[PDB]
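Chemist: Provide a 3D model corresponding to the input given below.
(chains A, B and C, ligands or ions: 2)
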Amino acid sequence: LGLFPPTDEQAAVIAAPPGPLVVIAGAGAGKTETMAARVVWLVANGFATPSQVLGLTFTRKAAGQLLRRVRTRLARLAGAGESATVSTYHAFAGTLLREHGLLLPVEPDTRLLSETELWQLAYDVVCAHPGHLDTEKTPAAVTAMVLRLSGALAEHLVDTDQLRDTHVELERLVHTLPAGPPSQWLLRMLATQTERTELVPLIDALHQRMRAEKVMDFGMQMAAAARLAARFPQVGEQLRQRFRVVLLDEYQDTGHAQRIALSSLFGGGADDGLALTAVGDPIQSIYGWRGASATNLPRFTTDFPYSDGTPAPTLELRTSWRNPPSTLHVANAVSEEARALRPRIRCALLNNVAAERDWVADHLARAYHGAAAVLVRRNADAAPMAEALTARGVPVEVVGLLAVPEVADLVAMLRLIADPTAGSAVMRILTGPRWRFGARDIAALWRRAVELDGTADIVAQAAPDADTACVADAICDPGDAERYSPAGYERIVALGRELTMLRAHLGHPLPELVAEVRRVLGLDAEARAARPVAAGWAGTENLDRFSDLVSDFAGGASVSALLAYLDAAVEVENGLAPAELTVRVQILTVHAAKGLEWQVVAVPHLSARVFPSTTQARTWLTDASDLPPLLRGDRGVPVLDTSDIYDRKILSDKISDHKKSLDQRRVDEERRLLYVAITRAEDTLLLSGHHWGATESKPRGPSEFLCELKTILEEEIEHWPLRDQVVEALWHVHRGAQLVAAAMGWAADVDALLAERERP
Amino acid sequence: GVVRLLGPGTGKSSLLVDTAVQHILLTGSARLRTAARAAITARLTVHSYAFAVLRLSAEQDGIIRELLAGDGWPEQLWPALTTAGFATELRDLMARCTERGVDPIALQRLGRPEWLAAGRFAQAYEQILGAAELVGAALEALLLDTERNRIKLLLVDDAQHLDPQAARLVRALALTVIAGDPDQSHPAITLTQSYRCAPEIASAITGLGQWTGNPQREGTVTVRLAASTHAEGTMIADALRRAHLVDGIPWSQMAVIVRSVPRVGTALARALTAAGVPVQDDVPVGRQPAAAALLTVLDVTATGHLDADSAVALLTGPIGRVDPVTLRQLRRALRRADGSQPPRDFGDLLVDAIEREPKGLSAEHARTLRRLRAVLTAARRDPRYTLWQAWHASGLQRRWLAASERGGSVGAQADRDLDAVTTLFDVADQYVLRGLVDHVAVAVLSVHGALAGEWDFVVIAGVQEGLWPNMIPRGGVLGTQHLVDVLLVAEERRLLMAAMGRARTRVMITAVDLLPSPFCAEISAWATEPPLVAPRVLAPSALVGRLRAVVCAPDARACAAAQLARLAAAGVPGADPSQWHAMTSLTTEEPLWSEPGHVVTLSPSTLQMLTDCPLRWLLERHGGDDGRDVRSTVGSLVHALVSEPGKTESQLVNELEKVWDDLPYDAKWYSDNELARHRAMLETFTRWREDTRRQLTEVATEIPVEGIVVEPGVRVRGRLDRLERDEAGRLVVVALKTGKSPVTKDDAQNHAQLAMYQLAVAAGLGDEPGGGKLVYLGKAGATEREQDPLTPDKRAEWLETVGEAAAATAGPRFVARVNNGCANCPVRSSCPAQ
DNA sequence: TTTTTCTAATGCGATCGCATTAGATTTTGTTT
Ligand SMILES: Nc1ncnc2c1ncn2[C@@H]1O[C@H](COP(=O)(O)OP(=O)(O)NP(=O)(O)O)[C@@H](O)[C@H]1O
Ligand code: SF4
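Modeler: Residues are numbered from 1 along each chain as shown, chains lettered A, B, ... in the order given. Ligands and ions are numbered 1, 2, ... in the order given. What follows is the structure:
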């Protein structure tokens, strides 16, 4: 009745009877086309209304694209014979805590703390802890262990008292045992485990201040929502009386707090008349460090039973639509030994990083200019591989608000006003495109600033009232006009009279000052003149959304705040807002490409110790904030037994072999990043890997991957003292300004804007 | 008798005044009755009526909270009782039964064990009035033979929204016009003449119903979808700006009707003041900065003397206002008179200038101390006899009254000053000195406040699917909404009908595409394209940006340059090419020196820096550096203690513990772990010096170096840490460092600091190259990196490195290399290499 | 004028402790 015929493999997911059901949706098989064709079949054949439907996803982008295929296929269901509710996982628990929030007594007025303002609140419970921490580290380095245990105790539901007795029955197996041959390194293992129990009373003063202020986290939401469903069995009773068909998408990324919340509510053996469908594959489970549950695909079927002991059914649904063959024979051999999907390459190895980027800038510029996306694991790595492809002539879209050169000239110049001791935001102003100072006039302000300026006296400086000979009081008192040039004295006086006016608007309300500095600067007119004509009128998207964050914050001191808040956002958040474009070659990373497709895909740097990222990897016995697997949930993550050791040659052999199982398991999370990169292709595929790196004295070869893919493609282009190149830059408009100077439906606007300007 | 006259605008409250004159009143709002007599005294409520019949909120809120703390609840709610979010769900259960007249016993008949406990709590609250049970008590009090005979005409005028307990205070007095309007929640009179709606607008409303229009109106209905939340907020500020300026309907004839003003209407009024369109417009009184300027003078007077931290807040406030760069001119000119060599604080010096008279040096900074003396003499020589006396003795308030006249920045700033200053005077008279301090345009609005407006032009913003039909459920613990109906999409559709009824000229319905609701598509069939991603504006800082975008590009150029010519002739900052940013010139482009007998002065700690990046040298020196960096001034306190020649091991440790308290650490658990880390960094020195006293011999400690290494001829200036003397007559060089991480041995002999000290030992200021050590206090013993004695060949290989680099500081256009130190540099954001 | 990271390896030598240091210092969403 208006669509395509469904596949014979899709005619079992669509016509499956009500009851719990699993769909192992493979790579590129389109689990959204074959999901809106079950909401329709569970409406047109009875069994529901279109208001008893619930759809849950992780991201909000994959939620808005599920309304647009439920609502479409239901308007064409009403053409031949109430709207469905789709929402994310973390917004389904904010709903569940505004209704039933007072049973387990959490307030309904509870604000949600931001990543930046959460760091602001735990830094002050570490800097105000009366005690003796005795930790080699610093504040602002032990408050990033508080925020990583308390974000991992409220994710496995541990309740902070099981963690106090873990260091025992391992600190006695080192001392009370005898040798068979304390070893000075196994004590260093034991040093980190007596460090958690020294910062347990730190993270418990964090929870007692997040309840005297009634604020929560995003991981604190699913902690309270998980407990409420299990404790009170009346919450799930009034939700199976409202929603009678529930959808769960990308369920392989579901953590452990989102698992016993959705299994007590929706059918842990509750009501067999409910049609419940959870999808996702076990083989694109690429996160593992963020939601981290290695379960939920094996432990679903015994978890959502038929309420009479019989476990659920499981459906294959494996087909590839946006994928050609000869790129499946690789991806079936990558994921071999870890039902293979069936359908409906140019390997290389250079010996220079800077020259292997020329090899991928050949194919990405020869097939473009003859008539695509580059998947790089590290974002920092992505930036260099955009100049080697700009010179070839291909347009580039590589995908920080506080680093945008119109916002960053408004963060500074708001900092010269407040404190005239930040000198690094005076050289941003004096050397910028407005008032270009030369080298001889910068070095003559500093001579003015000095002429204006024992153990008991060295500590007298570095006081909060110390006089330090800053530059910015040689602007407001430049002296005698014979040290500067006649062109450079006329700008210091002008700069001085601009800051004397803007410093009187300083006790004024705070979003009325960020919109006042921005008018005195040339912003919002120089931000649009640097935009091409093909864009339209759009020039000030990411400068307006700065000021929709100053006024949200100030609901403000402008010196104590917004300078502590913006600078804590640079490190902790690395930019408050990215700012979207109108929306070329996309040089996005490998995690941002989950769910997309292109034509030519280049995976450039498959060297050793780069793609696998073996380096900078730590486990629970070499750092504090890493939650040992005795009490970790879903304990995959094999735990050492500790009970079969009576000799020191046994103990340090258990530890040195359990430290390999917890790192073999992180090489297995890499092969799932090949598979979520290889299958994003739809056409030819570009695999490569350099040999000489960039900053070594000894080369790193190919990884275990590129040495395997040469054996896959053969069972294939034969492309099989580093450098001292040092980049350095010395420190139209002239065509256009001829026309405006020589001159002296746009014309009706100018005649309208002058009707207000020439009329008091 | 009793008559009734049951559409929008059709002449109902106008007809009720004609009956109220031709024979010679009840409105329901304290604002609606203001204009209701404006039509009666030009021709010639309920909750204020039942008060006089019963004569002839936070105080209420605390009473439920106290009795919940002391207290037949079903024992599942026992954790929730001590909260303050249970005293609002319980407060609104007793309010939705008072509007419907339910006894506390009458709720106990409804039981469901949860309602029985509220049925017992309610009759316990009677035994211990309000503005809700005022009508419900006058009905229970009811004199009616004297009351009903006193009235000749009854005019209720508004019965579409009127509670049933208020429906029987009128029907008890049931002359008696019962006007109403039965849609937008006895002989009958209907009306059809709209009288306040175009026939294009009236057909849009009654199309949604599945009354005619004014034929003299000219109307249009349109629906415009945007593509982003930013573009949706700009085409509204476009449309309110096209209409006033091109067409010409004035302000206070336009309104932006939103469903709920926190979710949309607060973020939209910010994106609409920026485009020049006025908004008619909350905050506490204690947080008002101009109010607490003079309340501090009360706070000081009630304690007899002014503190340190409470006296700087007067200089940073509106009484005597200093910018942040004249504190730094006061503080240098107050430490020059009281010139102790360890100088005082700034709080302790500020009191000694207000109290007495500083007469060492004062020219313009004495005037800013008189206006703090004269206020703090009027605070010494009813409290409001001194409030105005302190107000008037200052030079304050004669400023803004000569400044609220002009000014667009200070003009609204001066008006919010006195409107917050006067609102603190009236809080003082309502108290009747220690107790007064201890106790202290376009109308954007919601649909329920948009029922008393004329409003030619109407914009209904935010008609999207998330919030105009509220699927936001309202279940709860007590179950109020299940009780309110036993005792919705079609309901919210009336609000979109009752919003478009207020528009006579035009209607604009705006959404985004974040989806369109299923109401906007139901407007399209009665109304008169892709979504917009880049919208046109009419701001004068918006044309001048687009015209400059086409005139500097890879026909229209001749059109645009004529328009920029007439913009620049009258004003419009940004149109003249003397004001562009890419058309400015450098000031000098002249070198730092000339006259080739000039001799530069290096320094051995900034000589590796100057061979590493020369732009880094020019902007760390010559200003530009983040600040104090306390890890420096602890690592220089150690160089002072070690440098003394006559102290033992216990002599040094006691002189560090006495001075350590004046070091600005937060986290006082870290100020103790950094002292014990720096006690052991003095043990590690004397453990090392006595271990190598047999090998070396001290000559002098902390020697100034100043000579001529080469003769442009360079000049070497520095302070050698500790110079030694080897057993073969040589002279090794020790540079004591206090870091943790030592430099590698491959980099320990190319070290540009030690290779200038021993180059300064040769050729005067001895005369043997000697050697070089690098002692790392911190991390057997303290690790040391060594450098060889110099050759007559490696000297010339190093003497050409000093002389070639020292000429790179002369000329303009410095190099900017990308080094290993880019991650730790202050000057990074102005780097051309980044 | 002179100053300021830390881990986990990778080699040493009298297994394992002491030492140097050469490679880096990842990826990143989730309410109103
Ligand atoms: N014959 C008339 N002469 C003058 N004005 C008229 C006439 N008929 C209607 N109007 C206008 O129509 C409006 C009457 O408003 P009214 O009927 O009181 O509003 P409503 O929509 O019924 N709401 P409410 O007043 O609260 O009951 C006024 O603006 C009148 O000026
Ligand atoms: S970023 Fe590079 S060029 Fe800029 S100051 Fe630092 S080292 Fe010099």
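
Chemist: Around ligand 2, which positions in the stretch 351-500 of chain A sit nearby?
Modeler: Within the stretch 351-500 of chain A, no position lies close to ligand 2 (C-beta under 6 Å from any ligand atom). All C-beta spots, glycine's among them, are computed from the backbone N, C-alpha and C.

Chemist: quick one, strands of the stretch 351-500 of chain A?
Modeler: For the stretch 351-500 of chain A, strands defined by DSSP state E, counting those that start in this stretch occupy the ranges A:373-374, A:396-397.

Chemist: so which of those comes closest to DNA strand C?
Modeler: Proximity of these to DNA strand C was assessed by C-beta to the nearest atom of the strand; the nearest stretch is strand A:373-374, lying at 13.8 Å.

Chemist: could the strands of the stretch 351-500 of chain A go into a markdown table alongside distance to residue A:167 and mean neighbour count?
Modeler: Shown next, in a markdown table, are these (distance: least, C-beta to C-beta, whole Å; neighbours: other C-beta atoms under 10 Å in any protein chain shown):
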| stretch | distance to residue A:167 | mean neighbour count |
| --- | --- | --- |
| strand A:373-374 | 47 | 24 |
| strand A:396-397 | 51 | 14 |
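
Chemist: Can you tell me which of these is nearest to residue A:183?
Modeler: strand A:373-374 (47.5 Å; C-beta to C-beta).

Chemist: Name the nearest residue to residue A:600, sequence neighbours excluded.
Modeler: Among residues not flanking residue A:600 along the chain, residue A:372 sits closest, at 3.8 Å (C-beta to C-beta, 6 or more residues apart in numbering or on different chains).

Chemist: what's the one you found in contact with, if anything?
Modeler: A:364, A:585, A:586, A:598, A:599, A:600, A:601, A:602 (C-beta atoms under 8 Å, 6 or more residues apart in numbering or on different chains).

Chemist: Just the buried subset of those, please.
Modeler: Neighbour-count burial (16 or more other C-beta atoms under 10 Å in any protein chain shown) applied to the contacts of residue A:372 gives A:364, A:585, A:586, A:598, A:600, A:601, A:602.

Chemist: Give me the phi and psi angles of the last one.
Modeler: For residue A:602, the backbone dihedrals (degrees, to the nearest 10) come out as phi -120, psi 120.

Chemist: Can you lay out the strands of the stretch 351-500 of chain A as CSV showing distance to residue A:635?
Modeler: Below are the strands of the stretch 351-500 of chain A laid out as CSV (distance: least, C-beta to C-beta, whole Å):
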stretch, distance to residue A:635
strand A:373-374, 38
strand A:396-397, 44
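
Chemist: Quick one, which of the ones you listed gets closest to residue A:7.
Modeler: With C-beta to C-beta as the yardstick, what comes closest out of the strands of the stretch 351-500 of chain A is strand A:373-374 (28.2 Å).

Chemist: Just list what the closest one packs against, helices and strands only.
Modeler: If you count contacts as 3 or more C-beta pairs under 8 Å, 6 or more residues apart in numbering or on different chains; DSSP states H and E, strand A:373-374 packs onto strand A:585-586, strand A:601-603.

Chemist: Stretch B:805-822 near DNA strand C at all?
Modeler: No: using C-beta under 7 Å from any atom of the strand, stretch B:805-822 stays clear of DNA strand C, coming no nearer than 8.1 Å.

Chemist: Give the buried residues for that stretch.
Modeler: Of the residues in stretch B:805-822, B:805, B:806, B:809, B:814, B:816, B:817 count as buried by neighbour count, 16+ other C-beta under 10 Å.

Chemist: do you know how far the residue of chain B positioned farthest from its centre is from ligand 1?
Modeler: What lies farthest from the middle of chain B is residue B:728; by C-alpha atoms, centre = their mean that is 70.2 Å. Distance, residue B:728 to ligand 1, using C-beta to the nearest ligand atom, to the nearest Å: 109 Å.

Chemist: again, but for residue B:768
Modeler: From residue B:768 across to ligand 1, the span is 105 Å (C-beta to the nearest ligand atom).

Chemist: Would you enumerate the residues in contact with the residue lying closest to that residue once chain neighbours are set aside?
Modeler: Closest residue to residue B:768 apart from its sequence neighbours, by C-beta to C-beta, 6+ apart: residue B:730 at 5.4 Å. If you count contacts by C-beta under 8 Å, 6+ apart, residue B:730 has them with B:768, B:769, B:770, B:771, B:789.

Chemist: Could you identify the most distant pair in the residues you listed?
Modeler: That would be B:768 and B:771, which, of the contacts of residue B:730, are the farthest apart (C-beta to C-beta) at 9.5 Å.

Chemist: Which one's more surrounded, these two?
Modeler: For residue B:768 versus residue B:771, neighbours defined as other C-beta atoms under 10 Å in any protein chain shown are more numerous around residue B:771 (21 against 16).

Chemist: Residue B:761 is in contact with the more buried one, correct?
Modeler: No: with contact defined as C-beta atoms under 8 Å, residue B:771 does not reach residue B:761; the gap is 9.6 Å.

Chemist: what's the helix with the most length in chain A packed up against?
Modeler: As assigned by DSSP state H, the longest helix anywhere in chain A is helix A:648-678. Here helix A:648-678 touches helix A:171-175, helix A:186-196, helix A:328-334, strand A:601-603, going by 3+ C-beta pairs under 8 Å, 6+ apart.

Chemist: just to revisit the earlier point, out of the helices and strands packed on strand A:373-374, nearest to residue A:172?
Modeler: strand A:601-603 (49.7 Å).

Chemist: Nearest approach to DNA strand C belongs to which of the helices and strands packed on helix A:648-678?
Modeler: Across the helices and strands packed on helix A:648-678, closest to DNA strand C is helix A:186-196 (C-beta to the nearest atom of the strand), at 7.5 Å.

Chemist: In the helix or strand harbouring residue A:755, which of the residues would be classed as buried?
Modeler: Residue A:755 is part of helix A:747-757 when elements are defined by DSSP states H and E. Residues of helix A:747-757 classed as buried by neighbour count (16+ other C-beta under 10 Å): A:749, A:750, A:753, A:754.

Chemist: Run a quick neighbour tally on the closest residue to ligand 2 within chain A.
Modeler: Closest residue of chain A to ligand 2, C-beta to the nearest ligand atom: residue A:728 (7.4 Å). Using other C-beta under 10 Å, residue A:728 is surrounded by 14 other residues.

Chemist: do residue A:528 as well
Modeler: For residue A:528, using other C-beta under 10 Å, the count is 22.

Chemist: again with residue A:243
Modeler: 19.

Chemist: out of the helices and strands packed on helix A:648-678, deepest packed?
Modeler: Stretch with highest mean neighbour count among the helices and strands packed on helix A:648-678: strand A:601-603 (a mean of 24; mean count of other C-beta atoms under 10 Å in any protein chain shown).

Chemist: packing partners for it?
Modeler: So strand A:601-603, by 3+ C-beta pairs under 8 Å, 6+ apart, packs with helix A:353-366, strand A:373-374, helix A:648-678, strand A:685-687.

Chemist: In the stretch 601-750 of chain B, what residue spans correspond to helices?
Modeler: B:614-620, B:630-635, B:637-642, B:649-657, B:670-689 (DSSP state H, counting those that start in this stretch).

Chemist: and for the third one, what are the contacting residues?
Modeler: Counting contacts by C-beta under 8 Å, 6+ apart, the residues outside helix B:637-642 that touch it are A:454-455, A:458-459, B:647, B:652, B:655-656, B:659, B:678, B:681-682, B:685, B:721, B:736, B:738, B:777.

Chemist: what's the closest non-adjacent residue to the residue of the stretch 651-800 of chain B found nearest ligand 1?
Modeler: Nearest residue of the stretch 651-800 of chain B to ligand 1: residue B:666, at 61.2 Å (C-beta to the nearest ligand atom). Using C-beta to C-beta, 6+ apart and skipping residues adjacent in sequence, the residue nearest residue B:666 is residue A:127, 4.5 Å away.
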